[PDB]
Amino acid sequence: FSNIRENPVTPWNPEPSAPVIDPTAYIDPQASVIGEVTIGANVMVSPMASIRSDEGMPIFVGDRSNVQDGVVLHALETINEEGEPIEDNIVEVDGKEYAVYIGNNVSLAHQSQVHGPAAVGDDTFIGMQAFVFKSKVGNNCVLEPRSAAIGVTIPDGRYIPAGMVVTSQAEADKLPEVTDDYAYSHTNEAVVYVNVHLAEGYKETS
């Protein structure tokens, strides 16, 4: 079998698409990448990740971002039966439409999940086992381990404390701000540096 493959023909997908992966990205052999996916340069996709763009599409992962072990990306249907685009399930980023948009320099840590409709802004850390669904996470944010954002917009530069499940815009508006002395303030740039280097190192083993 191939772990990088096209999505299947369905009522909402007349024409199958294969992933477009930059030559500098590393897809582990035990990761799965299916369908209408764009993977940017220097991205590291770890073992057991599953990026599956067969329902809601497309799923984009920007440059120097990392999709860690066991992370799932998938999305709610973006085209219904009759060929109609379901706009509630589509996010818009820089004038383009996506089912899931992961920006540049974003870390999706181990066992986290981003389910479309969703967008994750540049230089944000999505912590271990965290969860994002029907939400827009701004740039320079931090979702600590086991936090979750569902149905909300997380303003730029804010963090979600470990274990907190954010389901209302009123709650997302009062999240705390990332400051220089906040414990995860430098976490994402370290992770990004590491993962870019791991992608290169692992590419030299293939």
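Residue indices: 1-based, along the sequence shown. Take the two forms, find the largest set of C-alpha atoms that superpose within 1.5 Å, and that set is the rigid core.
Root mean square Cα distance to the shown form, taken over structures and residues in 5 other deposited structures of this protein after a core fit, is higher for 56-64 when 56-64 and 177-185 are compared. If you average the C-alpha B-factors over 131-139 and over 105-113, the higher value belongs to 131-139.
The stretch 116-124 shows the higher mean C-alpha B-factor when 69-77 is compared against 116-124 in the entry.
Set against one another, the Cα B-factors of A183, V9, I21, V196 in the record reach their highest point at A183. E36: CA B factor in the middle third of modelled residues in this chain (values from the PDB entry).
For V45, the recorded CA B-factor ranks within the lowest third of the chain. Only modelled residues enter the ranking.
Compared with the other modelled residues of the chain, the Cα B-factor recorded for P29 ranks in the lowest third.
When the modelled residues of the chain are ordered by C-alpha B-factor, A170 sits in the highest third. Per the PDB record, residue ranking by Cα B-factor puts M164 in the middle third of the chain.
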